[PDB]
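Everything on this sheet refers to the single structure shown next.
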Amino acid sequence: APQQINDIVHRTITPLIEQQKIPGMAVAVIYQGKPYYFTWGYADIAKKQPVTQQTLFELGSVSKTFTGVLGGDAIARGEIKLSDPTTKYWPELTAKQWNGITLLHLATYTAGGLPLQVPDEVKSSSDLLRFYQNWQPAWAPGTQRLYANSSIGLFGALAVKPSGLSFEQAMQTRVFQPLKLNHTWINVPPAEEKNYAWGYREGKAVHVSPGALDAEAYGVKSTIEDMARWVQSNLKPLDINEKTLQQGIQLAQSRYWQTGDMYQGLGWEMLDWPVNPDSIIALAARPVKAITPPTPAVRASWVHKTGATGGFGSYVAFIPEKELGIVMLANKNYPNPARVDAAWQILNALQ
Ligand SMILES: Cc1nc2cc(Cl)c(NS(=O)(=O)c3cccc(Cl)c3O)cc2s1
């Protein structure tokens, strides 16, 4: 643990934890390709269990990066194409508004205003069909971006249908296992419950509740060690031996749409490096410019994703051209600007 990394991390994170009243936190810094770990505070306040390198945190929407990569892998296998109509994999979706909506639109939140949340009343496969049949787009496909669990979640469910595998089994066999993410779960097994942190909302201990498309949109739980490995894999995809997975990682970092200074990948979001830190709301509708054709993964990028659940707040950011990255996992959902500011202070100091 180089003293420079130790100092910048502790001097940034200790006051962050104090100002945001974060019960427990884990951080990983990837520096020239090697990981360094830091932990603070409590995974379980009532039982006085500390955060360790083996503590499981809810990733929330950082799960979408896994979904994006899994979709990329299915593309590289020739099982799906992003230019395919949604109805090719869901022929029961017969309502006319779906004409022209492709898997790419689902993956990138550009289908025309699919909502942020699947309603709680929607549980079954027939419930889901009915919800998507009744949905009325506000916009033509590929004209505006609206961040939505119901968009990329449906992409994830459809992308695995040609494989014959359940979404969870596809994610285990095709992403977690090849990358040796052996403590990363869509469903936490009983054997691992001792390591599953509690989230804290309004001082109450909480875990994410089941929902439709939860696995695909916000369902992953992981340790700081596995998340460091995830960052390493996304920094250097060419070191990965599985060919379609290497390609799927590259596809998830391609630039498909631009809004302002940001580019939309599959799960991942990207900005050009170096980034103005100030350049990095319940509903924010933004017009998008198509990138025709998509730009292949730009090594000189700030690639990132925020994530939240009711009780958890996560952030991942990395810069491929510098072999540099960071993961911040906390069991309180605290404001996104504070996450990005801390991450930028650390990475800027080290670059
Ligand atoms: C009071 C709250 N309850 C929940 C429950 C969940 Cl499941 C999520 N996760 S999310 O996938 O839908 C999500 C949505 C928008 C932004 C982010 Cl960064 C995110 O992760 C967030 C919150 S906030």
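No value in this document is a laboratory result; all are computed from the given coordinates. Cβ coordinates were reconstructed from backbone atoms using ideal geometry, including for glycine residues, and neighbour counts include every protein chain displayed.
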Q.
For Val288, what residues show an amide H to amide H distance below 5 Å, using hydrogens built from the backbone and excluding near sequence neighbours?
A. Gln144, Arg145
Q | Descending Cα extents along the principal axes, region 260-351, whole Å | A | 40, 34, 21
(Q) Using the basic label-point model (7 angstrom from Cα toward the beta carbon), what is the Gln4 to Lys243 distance in nanometres? (A) 4.0
Q.
Binning at 20 angstrom from zero up to the longest distance, how are the C-alpha pair distances of the chain distributed in percent?
A. 32, 60, 8, 0
Q. Arranged from highest to lowest average of other beta-carbon atoms within 10 Å per residue, in what order do the peptides 148-159, 163-174, 256-267 appear?
A. 148-159, 256-267, 163-174
Q) Under the Karplus relation 6.51 cos²θ - 1.76 cosθ + 1.60, θ = phi - 60°, what is the ordered set of whole-Hz ³J(HN,Hα) values for region 111-123, x standing for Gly and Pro? A) 6, x, x, 4, x, 4, 10, 6, x, 4, 5, 8, 10
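Using r as the Cβ-Cβ distance of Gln53 and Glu193, and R0 as 22 Å, what FRET efficiency do you calculate, to the nearest 0.05? All intermediate terms of the calculation are to be shown ahead of the outcome.
Details: r = 17 Å, r/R0 = 0.79.
It comes out at approximately 0.80.
Where does each of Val206, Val9 land when they are ranked from fewest to most other beta-carbon atoms within 10 angstrom?
Numbers: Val206 17, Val9 23.
The fewest-first ordering by Cβ neighbours comes to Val206, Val9.
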Q. Residues with amide H under 5 Å of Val206's amide H, sequence separation 5 or more or different chain, H placed in the peptide plane at 1.01 Å from N; which?
A. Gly199, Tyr200, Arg201
**Q.** Charge dipole of the chain about the Cα centre (unit charges at C-beta), most positive-ward option of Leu158, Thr86, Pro190
**A.** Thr86
Q | Cβ-based net charge around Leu165, under 15 Å, with every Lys or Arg adding one and every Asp or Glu removing one | A | -1
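Tell me the volume per residue, in Å³, of the convex hull enclosing the alpha carbons of region 75-163. Working shown, then result.
Details: hull volume 7.9 nm³, N = 89.
Hull volume normalised by residue count: 88 Å³.
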(Q) If you average the C-alpha positions of region 20-91 and of region 116-145 separately, how far apart do those two centres end up, in angstrom? (A) 25
Q: For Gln32 paired with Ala205, estimate the spin-label separation in nm (one decimal), with each label point 7 Å from Cα along the Cα-to-Cβ line.
A: 4.3
Q.
So if I place +1 on the C-beta of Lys and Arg and -1 on the C-beta of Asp and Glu, and nothing else carries charge, what would the dipole magnitude of region 220-349 be about its Cα centre? I want it in debye, nearest 20.
A. 240
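Could you work out the relative contact order of region 75-163, using alpha carbon pairs under 8 angstrom and six or more residues apart, expressed as a whole percent?
On the way: 119 pairs, mean separation 32.6, N = 89.
Rounded, it is 37 percent for region 75-163.
How large is the dipole of region 1-150 about the Cα centre if only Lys and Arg carry +1 and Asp and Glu carry -1, each at its Cβ, rounded to the nearest 20 debye?
Details: 13 positive and 11 negative charges, 33 e Å.
Approximately 160 debye in magnitude.
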**Q.** Distant alpha-carbon pairs in region 204-336 (separation over 25 angstrom), percent
**A.** 31
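Note down the net charge around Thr244, summing +1 for each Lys or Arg and -1 for each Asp or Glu among other residues with Cβ under 10 Å from its Cβ.
Values: positive: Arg77, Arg174, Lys243; negative: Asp73, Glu79, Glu242.
Summing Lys/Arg as +1 and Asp/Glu as -1 gives 0.
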Q. Can you give the charge dipole size of region 75-163 about its Cα centre, rounded to the nearest 20 debye, using +1 on the beta carbon of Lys and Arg and -1 on the beta carbon of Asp and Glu?
A. 220
Q) How would you order 122-128, 182-188, 61-67 from highest to lowest mean count of nearby Cβ atoms within 10 Å? A) 61-67, 182-188, 122-128
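Say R0 is 30 Å: what FRET efficiency, to the nearest 0.05, do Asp214 and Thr143 get from their beta-carbon distance?
0.60
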